[PDB]
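K.L.:
Protein chains in written order, with full-length UniProt numbering: chain B, 203 to 217; chain S, 306 to 340.
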């Protein structure tokens, strides 16, 4: 990945 | 668009693609379709 920590798995992500 | 119903796709304001899979409960910054 080499990227920053990804967004914690929320079931239904609304952003 | 062809996408497996297990792949919950979300995009971050950073301009990054970020996955949240419903079966393994995984979060990947790597998109397998983009390559």
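For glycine and all other residues, C-beta sits at the position ideal for the given N, C-alpha and C.
Please classify residue 324 of chain S: does DSSP put it in a helix, a strand, or coil?
P.N.:
As a position in the second chain, residue 324 of chain S is number 19, starting the count at 1. Strand, per DSSP.
K.L.:
In the DSSP assignment, the beta strand (DSSP E) including residue 331 of chain S goes from what residue to what residue?
P.N.:
Here the question's residue 331 of chain S lines up with position 26 in the second chain. Residue 331 of chain S -> beta strand (DSSP E) spans 331-333.
K.L.:
Can you give me the C-alpha to C-alpha distance between residue 207 of chain B and residue 333 of chain S, rounded to a whole angstrom?
P.N.:
Here residue 207 of chain B corresponds to residue number 5 of the first chain, with the count starting at 1. Here residue 333 of chain S corresponds to residue number 28 of the second chain, with the count starting at 1. Looking at the two C-alpha atoms, the distance is approximately 9 Å.
K.L.:
Of all the options S:324, S:330, S:320 and S:319, which has the alpha carbon lying nearest to the alpha carbon of residue 338 of chain S?
P.N.:
For the purposes of this step, residue 338 of chain S is taken as the residue at position 33 of the second chain. Checking every option, the nearest Cα to that of residue 338 of chain S belongs to S:324.
K.L.:
Can you list, in chain order, the residues of its chain with a C-beta nearer than 8 Å to that of residue 311 of chain S? Leave out the 5 residues immediately preceding and following it.
P.N.:
Here residue 311 of chain S refers to the residue found at position 6 when the second chain is read from its first residue. The residues are 326, 327 and 328.
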